[PDB]
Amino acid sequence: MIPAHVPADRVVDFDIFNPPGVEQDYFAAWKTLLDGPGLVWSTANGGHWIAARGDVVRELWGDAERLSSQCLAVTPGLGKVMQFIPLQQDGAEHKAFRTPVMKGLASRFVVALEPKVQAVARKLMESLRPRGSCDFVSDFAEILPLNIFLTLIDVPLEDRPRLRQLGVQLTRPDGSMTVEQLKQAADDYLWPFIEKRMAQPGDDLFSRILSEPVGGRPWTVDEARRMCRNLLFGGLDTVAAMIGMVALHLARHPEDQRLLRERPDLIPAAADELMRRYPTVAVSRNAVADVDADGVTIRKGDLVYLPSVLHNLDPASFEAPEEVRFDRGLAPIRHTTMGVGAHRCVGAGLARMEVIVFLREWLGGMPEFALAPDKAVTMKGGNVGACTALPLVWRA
């Protein structure tokens, strides 16, 4: 049934977990909403708003005061279990915890990690090259972010195979494993690292965040658990999705493979343009004050779902948004791939470096590649949309 403050003409049944046609094209599936009202109420998933036009997505995402990050998701209970830091915090509390995390991920540290992260991408590329084909999502995209994670926290080289296998439960969620079991599995995986780095700080990512104060006092052990869980989960599916979309683009645009092999100096600019072009992250908020938007009122307690694709790819917000082009002069902060305002991805710098290093190694090390002739590209929806299969072929 429809709440009184929701006009009948704003009602849709859009399921954010499986948008119609999402398996063929995630972007086209979401863009169907640009043909309707800029703020719609879906009856699916318990009933919630969906921001459905660029200016609305952008405005509501940035309103951290009236639209709280506490809820995490439209699925009940998920946020209550995960308690991510800083992702789910508001206001002064959020600022106090974000501060040391952002310090940990600053550009100087990202730049210092570039050679190690490049070596990880190169090693993985070289393991696949002799085959002449791969299932890129399962053989590369879903493998790289966990390998990078182990590098970021500097695990001993000899523990990597064990730690890589332990990690597979978390990079590729299965079921029936409940949210509580997944939280517990993540914590148990992370605990030995945290214990070591809080006792004996090194110079890795965890050590550097955990040796900083929060609001002038030490991290508690539970806050460390919550923050570390956020760092692990925040960099896994998002990076896998983006790397897959970048590879899919190149496979479909042999002219861009040729361009970036001829002009490797265009890789950074191509990484920024591809990140703008293929956003797949959507977020939830819960209203803590009434919010007027697009001629309706989101009431306290209502949930709001915000798809970044409907800012970046809305022709009303950006000109010819589906063209990959180099004359936009657009700082990455001006689009919504990494979010907006107070909660904007702390890993934004690191993600850009990972995509650049991927392009350098894949293009530099691989011959010309293409989609397989008889297998399809499939995608999925949910909060982080992604390729589920990407079959590539090349002459080895």
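Numbers follow the displayed sequence, beginning with 1.
Averaged over Cα atoms, the B-factor as recorded in the entry is higher for 194-202 than for the other of 194-202 and 221-229. Between 262-270 and 178-186, the higher mean Cα B-factor belongs to 178-186. The top Cα temperature factor in the record, among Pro279, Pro86, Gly79, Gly295, falls on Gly295. Between the residues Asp237, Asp256, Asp302, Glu319, it is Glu319 that shows the highest Cα B-factor in the PDB record.
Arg129: CA B factor in the middle third of modelled residues in this chain (values from the PDB entry).
Sort the modelled residues of the chain by CA B factor and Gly54 lands in the middle third. Per the PDB record, residue ranking by Cα B-factor puts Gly47 in the middle third of the chain. In this PDB entry, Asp135 carries a Cα temperature factor that places it within the middle third of its chain's modelled residues. Annotation for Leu34: CA B-factor lies in the highest third of the chain's modelled residues.
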